[PDB]
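First, one chain by itself in structure tokens, the form deposited in one PDB entry.
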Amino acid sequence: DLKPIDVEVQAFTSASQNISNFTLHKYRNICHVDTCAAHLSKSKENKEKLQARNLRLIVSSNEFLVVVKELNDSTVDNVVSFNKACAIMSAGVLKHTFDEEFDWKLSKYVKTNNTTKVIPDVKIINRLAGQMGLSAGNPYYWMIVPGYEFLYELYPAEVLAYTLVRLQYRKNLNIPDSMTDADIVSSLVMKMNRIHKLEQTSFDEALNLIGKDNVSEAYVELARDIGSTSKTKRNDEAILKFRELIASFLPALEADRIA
């Protein structure tokens, strides 16, 4: 009566799991600097378009990336998330603005040996870095991008310092209160757990390996010009006066209510 269907044995293995071993080291030379800087300068609009369609971004005469929403995870190297796309392109630019990068086998910063010395076009503007008070030409300019946390494997002290700046200067950076302090650091802490094995390693050990003085120097540079523009003050003054208006309206709100 039970009429059972046969179920063939088929174990769940690593082959059936998500093999996401993403490293920026497989993408170090795919950018034409001014091209990837341009794509990064349009990160807001690229994200708006990504809501509707997948994107194809040409990054050099020899390479392109296919940008997806993460749910479309694929082993194919040049199919990537939005944050991975942004990190890959930023790495292509920062190769020419940061003199040093991290060697995890030597546990130290080493010189980035760059055959070709290229200056990113100083006329390409990064609105995210401009909100911080950074100006075009700053070496950190093209690090202020979505998914910057993936850069931790190349520039750990610089990436952590920016995360620290986001944590301290929430309000100057227009970060919503919906974002807890954990929301700010969680992406970075995932990257740090991958490299440092935080289950078996402490945060003190990780921070001393990359060097707190390195983090200190980057934090000072990134925080130097954070503040408020005239627009940010006008918006803050408006909110306070708009709530004044809302308050002065309640007599008439309850009067219309009685009727």
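Just so we're on the same page, rigid core means the largest C-alpha set that superposes within 1.5 Å between forms. Just count from 1 along the sequence shown to find any residue number.
One more form of this protein should be noted, the form deposited in another entry, which is absent from this view; the next part is about it.
In the overlay on the core between the shown form and the other one, a shift of 2 Å or more in CA position is seen for a single residue of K44, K231, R53, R56, which is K231. In the core-superposed comparison between the shown form and the other one, the C-alpha atom of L71 has shifted by at least 2 angstroms. Put the two forms on the same core and the Cα of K241 is off by 2 Å or more between the shown form and the other one. Note on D183 and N72: their C-alpha atoms are nearer in the other entry, a change of at least 3 Å from this conformation. Between this form and the other one, the CA-CA gap for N78 and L71 narrows by 3 Å or more, being smaller in the other entry.
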